[PDB]
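Quick setup: one chain, the form deposited in one PDB entry, written in structure tokens, and binding and motion questions come after.
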């Protein structure tokens, strides 16, 4: 089942419960993968988290390129760029006006049983 924009669906609100919501847009989110200098691996960096070069302006680093990364703790780490992969996601709006950007697997059609 493809999900299309304008479709009523069911997904989890920010309060953690399933509600009907409406798909307002199909977006593409690009995630970066890097190997930190200590060998730990991240698969979901945003391009703007690369702080050794301007990837929002000039695209991803070359594969294997040395980079510095601003992590979710606000600190900067050395790493090496592994890959980038774009992911189709679904911007949904709930009855209260709140919105989320979610993965295909987190969206359910009205006809289907919920987990």
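Numbering follows the first chain given and starts at 1.
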- Task: Please work out which of 72-80 and 35-43 has the higher mean CA B-factor as recorded in the PDB entry.
- Result: 72-80
- Item | Chain-relative CA temperature factor third for residue 109 | middle
- Task: Using the B-factor values recorded in the entry, state whether the Cα atom of residue 95 falls in the lowest, middle or highest third among the modelled residues of its chain.
- Result: middle
- Task: Pull the Cα B-factor of residue 64 out of the PDB entry and bin it into the chain's lowest, middle or highest third.
- Result: lowest
- Query: Among the chain's modelled residues, which third holds the C-alpha B-factor of residue 26?
  - Reply: middle
- Message: Looking at the temperature factor on the CA atom of residue 13, which third of the chain's modelled residues does it land in?
- Response: middle
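Beyond the structure shown, there is the form deposited with a partner chain bound, which is absent from this document and is the topic of what follows.
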- Message: How about residue 53 - does it come within 4.5 Å of its partner chain in the bound PDB entry, if we only consider non-hydrogen atoms?
- Response: no
- Please run the contact check for residue 58 against its partner chain in the bound PDB entry: heavy atoms, 4.5 angstroms, yes or no? no
- Item | is_contact(residue 68, its partner chain) in the bound PDB entry, heavy atom dist at most 4.5 Å | no
- Mark residue 40 yes when one of its heavy atoms lies within 4.5 Å of a heavy atom of its partner chain in the bound PDB entry, and no otherwise. yes
